[PDB]
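Listing of model23.pdb; format and content: PDB, N, CA and C atoms.
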```pdb
ATOM      1  N   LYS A1169       0.866  -1.171   0.000  1.00  0.00           N
ATOM      2  CA  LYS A1169       0.000   0.000   0.000  1.00  0.00           C
ATOM      3  C   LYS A1169       0.911   1.232   0.000  1.00  0.00           C
ATOM      4  N   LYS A1170       0.369   2.380  -0.421  1.00  0.00           N
ATOM      5  CA  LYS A1170       1.077   3.650  -0.590  1.00  0.00           C
ATOM      6  C   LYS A1170       2.205   3.489  -1.609  1.00  0.00           C
ATOM      7  N   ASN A1171       1.788   3.045  -2.790  1.00  0.00           N
ATOM      8  CA  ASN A1171       2.711   2.783  -3.881  1.00  0.00           C
ATOM      9  C   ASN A1171       2.771   3.972  -4.835  1.00  0.00           C
ATOM     10  N   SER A1172       1.690   4.761  -4.878  1.00  0.00           N
ATOM     11  CA  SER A1172       1.542   5.994  -5.653  1.00  0.00           C
ATOM     12  C   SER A1172       1.838   5.782  -7.130  1.00  0.00           C
ATOM     13  N   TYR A1173       1.215   4.771  -7.709  1.00  0.00           N
ATOM     14  CA  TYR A1173       1.395   4.403  -9.108  1.00  0.00           C
ATOM     15  C   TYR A1173       0.749   5.495  -9.946  1.00  0.00           C
ATOM     16  N   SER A1174       1.360   5.819 -11.076  1.00  0.00           N
ATOM     17  CA  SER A1174       0.839   6.907 -11.883  1.00  0.00           C
ATOM     18  C   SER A1174       0.386   6.407 -13.241  1.00  0.00           C
ATOM     19  N   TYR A1175      -0.828   6.812 -13.629  1.00  0.00           N
ATOM     20  CA  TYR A1175      -1.363   6.447 -14.935  1.00  0.00           C
ATOM     21  C   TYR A1175      -0.709   7.212 -16.064  1.00  0.00           C
ATOM     22  N   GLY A1176       0.098   8.215 -15.741  1.00  0.00           N
ATOM     23  CA  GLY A1176       1.176   8.673 -16.587  1.00  0.00           C
ATOM     24  C   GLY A1176       0.756   9.195 -17.938  1.00  0.00           C
ATOM     25  N   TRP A1177       1.683   9.058 -18.874  1.00  0.00           N
ATOM     26  CA  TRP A1177       1.552   9.542 -20.240  1.00  0.00           C
ATOM     27  C   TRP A1177       0.726   8.576 -21.075  1.00  0.00           C
ATOM     28  N   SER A1178       0.951   8.553 -22.386  1.00  0.00           N
ATOM     29  CA  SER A1178       0.013   8.323 -23.488  1.00  0.00           C
ATOM     30  C   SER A1178      -1.232   7.445 -23.327  1.00  0.00           C
ATOM     31  N   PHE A1179      -1.391   6.715 -22.218  1.00  0.00           N
ATOM     32  CA  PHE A1179      -2.721   6.261 -21.788  1.00  0.00           C
ATOM     33  C   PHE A1179      -3.802   7.328 -21.963  1.00  0.00           C
ATOM     34  N   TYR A1180      -3.505   8.584 -21.613  1.00  0.00           N
ATOM     35  CA  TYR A1180      -4.414   9.689 -21.880  1.00  0.00           C
ATOM     36  C   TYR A1180      -4.665   9.933 -23.359  1.00  0.00           C
ATOM     37  N   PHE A1181      -3.787   9.476 -24.258  1.00  0.00           N
ATOM     38  CA  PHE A1181      -4.104   9.628 -25.675  1.00  0.00           C
ATOM     39  C   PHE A1181      -5.264   8.719 -26.050  1.00  0.00           C
ATOM     40  N   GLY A1182      -5.404   7.590 -25.354  1.00  0.00           N
ATOM     41  CA  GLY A1182      -6.569   6.747 -25.564  1.00  0.00           C
ATOM     42  C   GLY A1182      -7.847   7.410 -25.093  1.00  0.00           C
ATOM     43  N   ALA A1183      -7.784   8.062 -23.929  1.00  0.00           N
ATOM     44  CA  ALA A1183      -8.950   8.753 -23.394  1.00  0.00           C
ATOM     45  C   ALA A1183      -9.324   9.946 -24.257  1.00  0.00           C
ATOM     46  N   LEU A1184      -8.322  10.644 -24.788  1.00  0.00           N
ATOM     47  CA  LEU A1184      -8.588  11.716 -25.732  1.00  0.00           C
ATOM     48  C   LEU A1184      -9.155  11.174 -27.032  1.00  0.00           C
ATOM     49  N   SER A1185      -8.669  10.013 -27.471  1.00  0.00           N
ATOM     50  CA  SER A1185      -9.120   9.421 -28.719  1.00  0.00           C
ATOM     51  C   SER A1185     -10.569   8.987 -28.631  1.00  0.00           C
ATOM     52  N   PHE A1186     -11.003   8.571 -27.442  1.00  0.00           N
ATOM     53  CA  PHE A1186     -12.410   8.259 -27.214  1.00  0.00           C
ATOM     54  C   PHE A1186     -13.308   9.459 -27.488  1.00  0.00           C
ATOM     55  N   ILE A1187     -12.925  10.620 -26.957  1.00  0.00           N
ATOM     56  CA  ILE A1187     -13.740  11.825 -27.089  1.00  0.00           C
ATOM     57  C   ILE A1187     -13.748  12.298 -28.539  1.00  0.00           C
ATOM     58  N   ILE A1188     -12.589  12.207 -29.196  1.00  0.00           N
ATOM     59  CA  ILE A1188     -12.471  12.622 -30.592  1.00  0.00           C
ATOM     60  C   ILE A1188     -13.270  11.699 -31.499  1.00  0.00           C
ATOM     61  N   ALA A1189     -13.179  10.389 -31.264  1.00  0.00           N
ATOM     62  CA  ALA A1189     -13.895   9.424 -32.089  1.00  0.00           C
ATOM     63  C   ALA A1189     -15.395   9.537 -31.882  1.00  0.00           C
ATOM     64  N   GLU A1190     -15.810   9.856 -30.662  1.00  0.00           N
ATOM     65  CA  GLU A1190     -17.235   9.980 -30.426  1.00  0.00           C
ATOM     66  C   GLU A1190     -17.768  11.282 -31.005  1.00  0.00           C
ATOM     67  N   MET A1191     -16.943  12.332 -31.006  1.00  0.00           N
ATOM     68  CA  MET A1191     -17.347  13.582 -31.638  1.00  0.00           C
ATOM     69  C   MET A1191     -17.372  13.438 -33.154  1.00  0.00           C
ATOM     70  N   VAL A1192     -16.557  12.530 -33.689  1.00  0.00           N
ATOM     71  CA  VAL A1192     -16.679  12.162 -35.091  1.00  0.00           C
ATOM     72  C   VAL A1192     -17.996  11.469 -35.364  1.00  0.00           C
ATOM     73  N   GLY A1193     -18.314  10.427 -34.594  1.00  0.00           N
ATOM     74  CA  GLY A1193     -19.470   9.594 -34.877  1.00  0.00           C
ATOM     75  C   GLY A1193     -20.801  10.303 -34.765  1.00  0.00           C
ATOM     76  N   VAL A1194     -20.898  11.316 -33.901  1.00  0.00           N
ATOM     77  CA  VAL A1194     -22.130  12.081 -33.798  1.00  0.00           C
ATOM     78  C   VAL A1194     -22.341  12.989 -35.003  1.00  0.00           C
ATOM     79  N   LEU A1195     -21.270  13.483 -35.614  1.00  0.00           N
ATOM     80  CA  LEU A1195     -21.384  14.487 -36.673  1.00  0.00           C
ATOM     81  C   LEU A1195     -21.804  13.790 -37.961  1.00  0.00           C
ATOM     82  N   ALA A1196     -21.459  12.511 -38.073  1.00  0.00           N
ATOM     83  CA  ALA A1196     -21.867  11.665 -39.181  1.00  0.00           C
ATOM     84  C   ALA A1196     -23.381  11.574 -39.251  1.00  0.00           C
ATOM     85  N   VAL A1197     -24.025  11.516 -38.090  1.00  0.00           N
ATOM     86  CA  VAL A1197     -25.474  11.378 -38.069  1.00  0.00           C
ATOM     87  C   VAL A1197     -26.129  12.697 -38.444  1.00  0.00           C
ATOM     88  N   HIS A1198     -25.483  13.815 -38.091  1.00  0.00           N
ATOM     89  CA  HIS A1198     -25.930  15.119 -38.567  1.00  0.00           C
ATOM     90  C   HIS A1198     -25.869  15.187 -40.081  1.00  0.00           C
ATOM     91  N   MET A1199     -24.755  14.718 -40.655  1.00  0.00           N
ATOM     92  CA  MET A1199     -24.636  14.665 -42.107  1.00  0.00           C
ATOM     93  C   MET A1199     -25.670  13.758 -42.740  1.00  0.00           C
ATOM     94  N   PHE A1200     -25.978  12.620 -42.116  1.00  0.00           N
ATOM     95  CA  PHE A1200     -27.016  11.743 -42.637  1.00  0.00           C
ATOM     96  C   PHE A1200     -28.369  12.421 -42.654  1.00  0.00           C
ATOM     97  N   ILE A1201     -28.784  12.966 -41.512  1.00  0.00           N
ATOM     98  CA  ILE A1201     -30.161  13.431 -41.403  1.00  0.00           C
ATOM     99  C   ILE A1201     -30.346  14.716 -42.202  1.00  0.00           C
ATOM    100  N   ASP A1202     -29.287  15.523 -42.304  1.00  0.00           N
ATOM    101  CA  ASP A1202     -29.375  16.736 -43.099  1.00  0.00           C
ATOM    102  C   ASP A1202     -29.337  16.399 -44.583  1.00  0.00           C
ATOM    103  N   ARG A1203     -28.499  15.431 -44.966  1.00  0.00           N
ATOM    104  CA  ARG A1203     -28.402  15.019 -46.353  1.00  0.00           C
ATOM    105  C   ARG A1203     -29.667  14.317 -46.811  1.00  0.00           C
ATOM    106  N   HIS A1204     -30.350  13.615 -45.910  1.00  0.00           N
ATOM    107  CA  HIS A1204     -31.622  13.018 -46.281  1.00  0.00           C
ATOM    108  C   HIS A1204     -32.739  14.043 -46.298  1.00  0.00           C
ATOM    109  N   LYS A1205     -32.697  15.025 -45.395  1.00  0.00           N
ATOM    110  CA  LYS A1205     -33.678  16.098 -45.388  1.00  0.00           C
ATOM    111  C   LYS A1205     -33.571  16.974 -46.627  1.00  0.00           C
ATOM    112  N   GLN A1206     -32.385  17.034 -47.239  1.00  0.00           N
ATOM    113  CA  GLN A1206     -32.238  17.711 -48.523  1.00  0.00           C
ATOM    114  C   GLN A1206     -33.066  17.041 -49.620  1.00  0.00           C
ATOM    115  N   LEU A1207     -33.105  15.708 -49.651  1.00  0.00           N
ATOM    116  CA  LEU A1207     -34.002  15.050 -50.607  1.00  0.00           C
ATOM    117  C   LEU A1207     -35.361  14.713 -49.982  1.00  0.00           C
ATOM    118  N   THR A1208     -35.959  15.712 -49.337  1.00  0.00           N
ATOM    119  CA  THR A1208     -37.347  15.615 -48.905  1.00  0.00           C
ATOM    120  C   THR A1208     -38.238  16.709 -49.472  1.00  0.00           C
TER     121      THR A1208
END
```
Starting from the coordinates I provided, produce the structure as structure tokens.
Amino acid sequence: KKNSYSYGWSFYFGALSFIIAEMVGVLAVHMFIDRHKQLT
């Protein structure tokens, strides 16, 4: 106990990549629904 292990560097690049990938995936659906609403 009291080892003070650190989650450190580029592990956070995975956590950042999650947010970036999810912000990608939501915008795709905006493009879908807007692109389909154009042909309505």
Using DSSP on the backbone coordinates, identify the residues of chain A assigned to helix (DSSP H, G or I); present them as a ChimeraX atom specification. /A:1179-1206
With N, CA and C atoms retained, export the selected residues as a PDB file, in the coordinates of the input.
```pdb
ATOM      1  N   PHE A1179      -1.391   6.715 -22.218  1.00  0.00           N
ATOM      2  CA  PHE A1179      -2.721   6.261 -21.788  1.00  0.00           C
ATOM      3  C   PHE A1179      -3.802   7.328 -21.963  1.00  0.00           C
ATOM      4  N   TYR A1180      -3.505   8.584 -21.613  1.00  0.00           N
ATOM      5  CA  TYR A1180      -4.414   9.689 -21.880  1.00  0.00           C
ATOM      6  C   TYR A1180      -4.665   9.933 -23.359  1.00  0.00           C
ATOM      7  N   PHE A1181      -3.787   9.476 -24.258  1.00  0.00           N
ATOM      8  CA  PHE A1181      -4.104   9.628 -25.675  1.00  0.00           C
ATOM      9  C   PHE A1181      -5.264   8.719 -26.050  1.00  0.00           C
ATOM     10  N   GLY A1182      -5.404   7.590 -25.354  1.00  0.00           N
ATOM     11  CA  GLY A1182      -6.569   6.747 -25.564  1.00  0.00           C
ATOM     12  C   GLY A1182      -7.847   7.410 -25.093  1.00  0.00           C
ATOM     13  N   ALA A1183      -7.784   8.062 -23.929  1.00  0.00           N
ATOM     14  CA  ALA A1183      -8.950   8.753 -23.394  1.00  0.00           C
ATOM     15  C   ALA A1183      -9.324   9.946 -24.257  1.00  0.00           C
ATOM     16  N   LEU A1184      -8.322  10.644 -24.788  1.00  0.00           N
ATOM     17  CA  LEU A1184      -8.588  11.716 -25.732  1.00  0.00           C
ATOM     18  C   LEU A1184      -9.155  11.174 -27.032  1.00  0.00           C
ATOM     19  N   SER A1185      -8.669  10.013 -27.471  1.00  0.00           N
ATOM     20  CA  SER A1185      -9.120   9.421 -28.719  1.00  0.00           C
ATOM     21  C   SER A1185     -10.569   8.987 -28.631  1.00  0.00           C
ATOM     22  N   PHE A1186     -11.003   8.571 -27.442  1.00  0.00           N
ATOM     23  CA  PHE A1186     -12.410   8.259 -27.214  1.00  0.00           C
ATOM     24  C   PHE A1186     -13.308   9.459 -27.488  1.00  0.00           C
ATOM     25  N   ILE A1187     -12.925  10.620 -26.957  1.00  0.00           N
ATOM     26  CA  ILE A1187     -13.740  11.825 -27.089  1.00  0.00           C
ATOM     27  C   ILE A1187     -13.748  12.298 -28.539  1.00  0.00           C
ATOM     28  N   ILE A1188     -12.589  12.207 -29.196  1.00  0.00           N
ATOM     29  CA  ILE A1188     -12.471  12.622 -30.592  1.00  0.00           C
ATOM     30  C   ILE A1188     -13.270  11.699 -31.499  1.00  0.00           C
ATOM     31  N   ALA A1189     -13.179  10.389 -31.264  1.00  0.00           N
ATOM     32  CA  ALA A1189     -13.895   9.424 -32.089  1.00  0.00           C
ATOM     33  C   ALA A1189     -15.395   9.537 -31.882  1.00  0.00           C
ATOM     34  N   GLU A1190     -15.810   9.856 -30.662  1.00  0.00           N
ATOM     35  CA  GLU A1190     -17.235   9.980 -30.426  1.00  0.00           C
ATOM     36  C   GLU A1190     -17.768  11.282 -31.005  1.00  0.00           C
ATOM     37  N   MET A1191     -16.943  12.332 -31.006  1.00  0.00           N
ATOM     38  CA  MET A1191     -17.347  13.582 -31.638  1.00  0.00           C
ATOM     39  C   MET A1191     -17.372  13.438 -33.154  1.00  0.00           C
ATOM     40  N   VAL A1192     -16.557  12.530 -33.689  1.00  0.00           N
ATOM     41  CA  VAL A1192     -16.679  12.162 -35.091  1.00  0.00           C
ATOM     42  C   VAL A1192     -17.996  11.469 -35.364  1.00  0.00           C
ATOM     43  N   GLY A1193     -18.314  10.427 -34.594  1.00  0.00           N
ATOM     44  CA  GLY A1193     -19.470   9.594 -34.877  1.00  0.00           C
ATOM     45  C   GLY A1193     -20.801  10.303 -34.765  1.00  0.00           C
ATOM     46  N   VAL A1194     -20.898  11.316 -33.901  1.00  0.00           N
ATOM     47  CA  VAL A1194     -22.130  12.081 -33.798  1.00  0.00           C
ATOM     48  C   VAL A1194     -22.341  12.989 -35.003  1.00  0.00           C
ATOM     49  N   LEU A1195     -21.270  13.483 -35.614  1.00  0.00           N
ATOM     50  CA  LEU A1195     -21.384  14.487 -36.673  1.00  0.00           C
ATOM     51  C   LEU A1195     -21.804  13.790 -37.961  1.00  0.00           C
ATOM     52  N   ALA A1196     -21.459  12.511 -38.073  1.00  0.00           N
ATOM     53  CA  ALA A1196     -21.867  11.665 -39.181  1.00  0.00           C
ATOM     54  C   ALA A1196     -23.381  11.574 -39.251  1.00  0.00           C
ATOM     55  N   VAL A1197     -24.025  11.516 -38.090  1.00  0.00           N
ATOM     56  CA  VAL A1197     -25.474  11.378 -38.069  1.00  0.00           C
ATOM     57  C   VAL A1197     -26.129  12.697 -38.444  1.00  0.00           C
ATOM     58  N   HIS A1198     -25.483  13.815 -38.091  1.00  0.00           N
ATOM     59  CA  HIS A1198     -25.930  15.119 -38.567  1.00  0.00           C
ATOM     60  C   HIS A1198     -25.869  15.187 -40.081  1.00  0.00           C
ATOM     61  N   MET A1199     -24.755  14.718 -40.655  1.00  0.00           N
ATOM     62  CA  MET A1199     -24.636  14.665 -42.107  1.00  0.00           C
ATOM     63  C   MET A1199     -25.670  13.758 -42.740  1.00  0.00           C
ATOM     64  N   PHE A1200     -25.978  12.620 -42.116  1.00  0.00           N
ATOM     65  CA  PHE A1200     -27.016  11.743 -42.637  1.00  0.00           C
ATOM     66  C   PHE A1200     -28.369  12.421 -42.654  1.00  0.00           C
ATOM     67  N   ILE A1201     -28.784  12.966 -41.512  1.00  0.00           N
ATOM     68  CA  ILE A1201     -30.161  13.431 -41.403  1.00  0.00           C
ATOM     69  C   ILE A1201     -30.346  14.716 -42.202  1.00  0.00           C
ATOM     70  N   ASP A1202     -29.287  15.523 -42.304  1.00  0.00           N
ATOM     71  CA  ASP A1202     -29.375  16.736 -43.099  1.00  0.00           C
ATOM     72  C   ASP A1202     -29.337  16.399 -44.583  1.00  0.00           C
ATOM     73  N   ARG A1203     -28.499  15.431 -44.966  1.00  0.00           N
ATOM     74  CA  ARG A1203     -28.402  15.019 -46.353  1.00  0.00           C
ATOM     75  C   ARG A1203     -29.667  14.317 -46.811  1.00  0.00           C
ATOM     76  N   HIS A1204     -30.350  13.615 -45.910  1.00  0.00           N
ATOM     77  CA  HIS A1204     -31.622  13.018 -46.281  1.00  0.00           C
ATOM     78  C   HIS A1204     -32.739  14.043 -46.298  1.00  0.00           C
ATOM     79  N   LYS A1205     -32.697  15.025 -45.395  1.00  0.00           N
ATOM     80  CA  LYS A1205     -33.678  16.098 -45.388  1.00  0.00           C
ATOM     81  C   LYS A1205     -33.571  16.974 -46.627  1.00  0.00           C
ATOM     82  N   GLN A1206     -32.385  17.034 -47.239  1.00  0.00           N
ATOM     83  CA  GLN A1206     -32.238  17.711 -48.523  1.00  0.00           C
ATOM     84  C   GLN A1206     -33.066  17.041 -49.620  1.00  0.00           C
TER      85      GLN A1206
END
```
Would you compute the distance between atom C of residue 1204 in chain A and CA of residue 1186 in chain A? Give it in Å to one decimal.
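CA of residue 1186 in chain A lies 28.5 Å from atom C of residue 1204 in chain A.
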Students should find that atom N of residue 1192 in chain A and atom C of residue 1180 in chain A are spaced 16.0 Å
Between atom C of residue 1197 in chain A and atom N of residue 1185 in chain A lies a distance of 20.8 Å
